[PDB]
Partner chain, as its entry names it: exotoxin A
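Below you'll find only one chain, the form solved without its partner chain, shown as structure tokens.
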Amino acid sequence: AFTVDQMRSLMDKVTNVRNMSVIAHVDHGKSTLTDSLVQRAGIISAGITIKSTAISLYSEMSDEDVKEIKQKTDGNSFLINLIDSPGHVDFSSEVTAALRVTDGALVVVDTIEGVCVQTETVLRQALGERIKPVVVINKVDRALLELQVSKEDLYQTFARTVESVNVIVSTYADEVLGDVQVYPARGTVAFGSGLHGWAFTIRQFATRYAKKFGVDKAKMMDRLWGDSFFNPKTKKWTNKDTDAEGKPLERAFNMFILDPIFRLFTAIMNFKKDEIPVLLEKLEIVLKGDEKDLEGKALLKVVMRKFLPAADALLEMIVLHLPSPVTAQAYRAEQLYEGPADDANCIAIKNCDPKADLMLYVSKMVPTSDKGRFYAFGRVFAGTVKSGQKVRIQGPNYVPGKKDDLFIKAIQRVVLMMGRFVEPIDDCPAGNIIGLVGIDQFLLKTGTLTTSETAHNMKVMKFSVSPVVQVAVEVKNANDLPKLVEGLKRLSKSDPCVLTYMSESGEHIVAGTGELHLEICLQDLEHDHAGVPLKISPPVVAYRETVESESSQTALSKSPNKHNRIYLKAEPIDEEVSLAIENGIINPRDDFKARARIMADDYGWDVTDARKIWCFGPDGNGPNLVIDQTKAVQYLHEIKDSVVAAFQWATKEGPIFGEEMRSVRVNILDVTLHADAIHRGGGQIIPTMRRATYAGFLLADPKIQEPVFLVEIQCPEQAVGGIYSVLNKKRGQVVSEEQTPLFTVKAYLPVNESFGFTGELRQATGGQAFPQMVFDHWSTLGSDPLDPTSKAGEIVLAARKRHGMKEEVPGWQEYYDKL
């Protein structure tokens, strides 16, 4: 219970402030531990409400304790800002926003489960912010009760957990910071049970036994952890787990810390009415009043709370080990400032200078009961913010010279953010956390308030600007198509970063900058833009049907009439020729003579074959060709249109699963026709050529080609490794690595391997990589398209079922008409 003056006074001694948060999965006792801190040291003031965003704690340390702080200190009082944090992590930018206003973190890990992925993810982001961690291994009660673990197994579990945490810390912490790893013997690891209400540090026991052993606690805390053994028989401390005779010695941690706790649990839970009193009296635990009548769990909870109040263990680590803003801003200043390292504002941040020009970072907007009004939440890194102070509001795009995102207004009121309540205060100096009212409209989400025209913007969130997240959108009710199509246009007009287009497989595609952006776009589409039910799904990928070699034997097919026959063979068109056709070097309408010369002289074709191409397909211009190689066919000219038409048909619909053919060359070897045109009409020859083409194709070692993206990723050096890791899991192929900006990695990524790519990429790069993708080329899959179990076969089988086709692919024999 403090007055505003008392708060303001506490806020003046920034050396004695601790800005931090709790990094913990909700299921690991996050709430219970924070509640414990609040109940023990929460600060309350001596008709609006907001969403609780931060809580203020007050803690006092003894004169001797304060001397242990390896940091500038002034007095024995401390103000601790416990900043609320989401948790939902896969490396979200929101989390990074809350972390940004903190300098230290209390990391909660589970005794049994250890370090979960979420916690690892948030810790990594925290380390990326140069935040110093302190750890609490929670839920010890579970190991004692459920698993009935032994003292040594518990110790080993603790040791493994501490190691897992330090692996992460040693991997992501900046070298300039020195050793940021956590050490039980140094008092930076606590152990306890949030729900139960107890916890301890080695320092607390070292303090509790230093005088009893007649040694200074510095020596005691080193002896109460790790390989230190006190042999009662020799009265000596050693680092050997066996005595002279080779007999096993019990670890000091187990002997002096775990044993007392184990015996309390055992004695109390087993209702040992006579032992309990002795044990309590020996540990100087005094029960008062009705507590003396308690038994079992109820008694245990009461005994442990008096024995090792959890909050006390946590506050100790926060005060003695987490940095103050003064300490932290010295090495965080540069990261936080996008401007010159030797700039006046940067220097003011480095020195946490309250007299300098204002540098206040708005971390987020907090919802209030003030009719739709939100209060800005953030931290004063330099200067002092004041009520009715002219300030410069700079958005995520504001740049010194250009007036983009600039907003010069007078701060209506500065308020302390005490849980769900606010308390107006005249001003707030550098180093503190604070809330601002009246900043609503001028800013939304992150921002920066400065009182310097030269003031640059504090580190802004980098955001994707490419429509890399894409999905297929279809109406649930056919009749609504007109509304969807219209909606897409409306959506596009209202949003510059959204992309909509028709896919090669006839699907309406909606693409956004990121998952969240795409999600907003799809919601507004279904609800407003189109205002009709929609079905969202992973876009269907288009494939191409090709041949790996020449037909193993002449393909023969006859017309329904049975009077006409076509003999042909299919073979591959070289990639460079297909590309030449697709890109306009070799064209359907070019003079057949000049075109033949190019194909022969430049692409190695036989000039006669080239001069005799009957057509390109599909659509008369695709990268597939029919070459006449017949010799003495009397009515050849009369079946040409029919042969061409059939090819347009076959190349549009391949025999593997109906996809378009690509790079297929068909050579008409011979044709036998009935003398009378009456039996040689299109209705007879078209079916014949189509049937023979499919046969030739199937006989030519059929293959399917998949679409491949050219992916370009910008990112910091130490994150490049993530790119390669993900690419290797998705048949990616690095193309290049170029660069004093960032790194740009280019690679090939199969389109059917890109769904969700964006998500796994940020996961492997700690949300530091930005992907861009554009269709690049077709790639032939080597596996057998006709084998349902191969890679290509799996794709083919799935598409066939999706189209209601018979699962098995009709073989070449199905189209072959023996003589």
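Residue numbers count along the first chain shown, from 1. Throughout, rigid core stands for the largest set of C-alpha atoms superposing within 1.5 Å between the two forms.
Q | Unmodelled stretch of the deposited sequence separating residue 739 from residue 740, binned as none, 1 to 3, 4 to 9 or 10 or more | A | In the record, 1 to 3 residues between residue 739 and residue 740 lack coordinates.
Q. Which fits the stretch between residue 774 and residue 775: none, 1 to 3, 4 to 9, or 10 or more deposited residues lacking coordinates?
A. In the deposited sequence, nothing is left without coordinates between these two.
Q. Which of the two stretches, 610 to 618 or 409 to 417, shows the higher mean Cα temperature factor in the record?
A. If you average the C-alpha B-factors of 610 to 618 and of 409 to 417, the larger mean comes out for 409 to 417.
Q: Name the higher of the two by mean Cα B-factor in the PDB entry, 580 to 588 versus 459 to 467.
A: According to the PDB entry, the answer is 459 to 467.
Q) From 665, 517, 652, 476, can you pick the one with the highest C-alpha B factor in the entry? A) Spelled out: the listed residue with the top C-alpha B-factor is 476.
Q) Which one of 174, 312, 571, 524 shows the biggest C-alpha B-factor in the PDB entry? A) Of the candidates given, the C-alpha B-factor peaks at 174.
Q: Would you mind ranking residue 786 by its C-alpha B-factor against the rest of the chain and naming the third, lowest, middle or highest?
A: CA B-factor rank for residue 786: middle third.
Q: Would you mind ranking residue 698 by its C-alpha B-factor against the rest of the chain and naming the third, lowest, middle or highest?
A: Its C-alpha B-factor belongs to the lowest third of this chain's values.
Q: Would you mind ranking residue 758 by its C-alpha B-factor against the rest of the chain and naming the third, lowest, middle or highest?
A: Middle third - that is where residue 758 ends up once the chain's C-alpha B-factors are sorted.
**Q.** Assigned third (lowest, middle, highest) for the C-alpha B factor of residue 438
**A.** Within its chain, residue 438 is a highest-third residue by C-alpha B-factor, going by the deposited values.
Q. Comparing residue 215 with the other modelled residues of its chain, is its CA B-factor in the lowest, middle or highest third?
A. Highest third of the chain for residue 215's C-alpha B-factor.
From this point on, the text means the form deposited with its partner chain bound, which you will not see here.
Q) Even though its partner chain is not shown here, does residue 2 get within 4.5 Å of it in the bound PDB entry, heavy atoms only? A) Because no heavy atom of residue 2 falls inside 4.5 Å of its partner chain in the bound PDB entry, the answer is no.
(Q) residue 379 versus its partner chain, in the bound PDB entry: is there a non-hydrogen atom within 4.5 Å? (A) Flag for residue 379 set to no.
(Q) Test of understanding: in the bound PDB entry, would residue 296 fall inside 4.5 Å of its partner chain by heavy atoms? (A) Judged by the heavy-atom cut-off of 4.5 Å, residue 296 is well away from its partner chain in the bound PDB entry.
Q. So in the bound PDB entry, does residue 504 come within 4.5 Å of its partner chain, heavy atom to heavy atom?
A. Taking the distances in the bound PDB entry, the answer for residue 504 is yes, it comes within 4.5 Å of its partner chain.
Q. Out of the stretches listed (687 to 695, 445 to 453, 482 to 490, 547 to 555), which one is close to its partner chain in the bound PDB entry, meaning heavy atoms within 4.5 Å?
A. Checking each option against the 4.5 Å cut-off leaves 687 to 695.
(Q) Please tell me which of 620, 683, 533, 367 lies within 4.5 Å of its partner chain in the bound PDB entry, judged by heavy atoms. (A) When its partner chain is considered in the bound PDB entry, the option within 4.5 Å is 683.
Q: With the two forms aligned on their rigid core, point out which item of 353, 120, 110, 712 shifts its C-alpha by 2 Å or more between this form and the one not shown.
A: Shifted by 2 Å or more: 712 only.
Q: Determine, after fitting the two forms on their core, whether residue 29 shows a C-alpha shift of 2 Å or more between this form and the one not shown.
A: No, its C-alpha moves less than 2 Å.
Q. Quick one: core overlaid, is residue 632 moving 2 Å or more at the Cα between this form and the one not shown?
A. Where the cores coincide, residue 632 still shows a C-alpha shift between this form and the one not shown that is 2 Å or more.
Q | Rigid-core frame, C-alpha of residue 40, shift of 2 angstroms or more between this form and the one not shown | A | No, the C-alpha moves less than 2 Å.
Q: Note whether the distance between the C-alpha atoms of residue 393 and residue 466 decreases (closer) or increases (farther) in the bound PDB entry, against the displayed form; the change is 3 Å or more.
A: Relative to the displayed form, residue 393 and residue 466 draw closer in the bound PDB entry - a change of at least 3 Å between their C-alphas.
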